[PDB]
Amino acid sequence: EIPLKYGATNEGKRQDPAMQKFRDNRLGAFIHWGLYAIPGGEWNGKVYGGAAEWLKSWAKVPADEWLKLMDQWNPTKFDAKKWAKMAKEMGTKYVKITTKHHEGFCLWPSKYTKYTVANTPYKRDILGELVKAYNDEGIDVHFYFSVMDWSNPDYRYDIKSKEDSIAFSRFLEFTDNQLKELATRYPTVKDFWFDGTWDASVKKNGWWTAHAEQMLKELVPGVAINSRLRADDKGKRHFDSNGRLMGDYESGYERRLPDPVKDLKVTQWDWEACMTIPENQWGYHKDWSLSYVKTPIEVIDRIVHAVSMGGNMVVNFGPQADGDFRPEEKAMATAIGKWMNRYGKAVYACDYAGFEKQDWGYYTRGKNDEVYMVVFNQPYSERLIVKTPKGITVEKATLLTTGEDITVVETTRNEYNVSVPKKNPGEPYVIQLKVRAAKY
């Protein structure tokens, strides 16, 4: 048992209405937009296979020359109302926006640096337009913020001298200033999602991470803050030195997901995962033939997987330089939306069900103890195995889309065979169960 000034603050899950809304939303979209969209993976005629938002690093481009891309920032086709309608149609209840990525370029007209939308041909407060357009559609907005900043020469990767410490203290004031600015300019913000916090400089300044959390919470009632921000007194990230979660939700599952059998620990706290459509591209990259691109069903699988284990999922989009979305992303959003509209009672406001995992798919639990079976792998046996926890029985099974009754046969103590539907739905589908707990 270690004493700590800058360790965990929350005891378990926040149960205030604002966290309940964050949780109940479940499905969100990620927007990565910045100067990296212009080159789109290519520098000086060489196409790089790494993440397009890291092109400055792959092509060894100096800050001065990279930030000169501001002179071509002119997204003529940008329309915040279209973006928001696209998100509504997809079934997303929130959107996480890159306010500033590692490159340092701000999508709002910050008063604390020259590297902003204001000093571009386009001039407009893109971030402010998005906040309004999304909020008009009833969609919450969350802010991605990269602490690591390649545009500011006071940034330090490590504190090796007293000069380093003096520079970096000025950098943290700059950062604090931008954060205060965002929270007061855009007070409808529901969440701040920190990234670029892994460097030794930040690990050595745990006190600051805890201060940023507390500062933003006093400025924005009920705001959420991700675990990735936080380091403790000793430099342990996400979870403090007593194994307690810092911030309001766990945010380490990036392009991977907890194991449905072995990683049940994650149901004890709030968490959010994010993912890309190709293997590893967040910002716009002009050539998607370079790695595997997920199909819509592969994406829906991951969404449901997350919710089945008590977490959120955020799907990423990397808008083009002109301010429109590429065709593959429009197709994905439309396909997800179609499926969510039909089967979203098993996703929105749902949580971990407490049932042993089975091969056919995933269980989710509803607000009134509905247990949904989301079927992704159809058994040739025509029987969907359902093993119940001690004291639970299955009284009825119903196909969600049609209301048709589904035969349930007891096979042993605590186990049933739920029949597949008479007509194969031809897609991942939901069977709703009615369960009863003995004197959930």
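Take the two forms, superpose them, and find the largest set of C-alpha atoms that agree within 1.5 Å; that set is the rigid core. Numbers follow the displayed sequence, beginning with 1.
- prompt: Is 110-118 or 250-258 the stretch whose C-alphas end up farther from this model in 8 other deposited structures of this protein after a rigid core fit?
  reply: So, of the two stretches, the farther one in 8 other deposited structures of this protein is 250-258.
- request: With residue 439 and residue 440 adjacent in the shown sequence, let me know how many deposited residues between them lack coordinates: none, 1 to 3, 4 to 9, or 10 or more.
  value: Missing in between: 4 to 9 residues.
query: Do the CA atoms of 247-255 or those of 308-316 have the higher mean B-factor in the entry?
result: Higher mean C-alpha B-factor in the PDB entry: 247-255.
- prompt: Looking only at CA atoms, which has the higher mean B factor in the entry: 262-270 or 202-210?
  reply: Of 202-210 and 262-270, the stretch with the higher C-alpha B-factor average is 202-210.
Deposited CA B-factor, highest of 400, 47, 27, 394: Highest C-alpha B-factor among the listed options: 47.
- prompt: Taking the Cα B-factors listed in the entry, which of 292, 115, 193, 134 comes out highest?
  reply: It is 115.
query: Mind checking which third residue 78 falls in for C-alpha B-factor across the chain?
result: Middle third, going by the recorded CA B-factors of the chain.
query: Which third, lowest, middle or highest, does the CA B-factor of residue 58 fall in along this chain?
result: Highest third.
field: Entry-reported Cα temperature factor of residue 276, expressed as the chain third it lands in
entry: Ranked within chain, residue 276 CA B lands in the lowest tercile.
- prompt: Can you tell me which third, lowest, middle or highest, the CA B-factor of residue 197 falls into for its chain?
  reply: Within its chain, residue 197 is a middle-third residue by C-alpha B-factor, going by the deposited values.
message: Using the temperature factors of the C-alpha atoms in this entry, rank residue 433 within its chain: lowest, middle or highest third.
response: Lowest third, going by the recorded CA B-factors of the chain.
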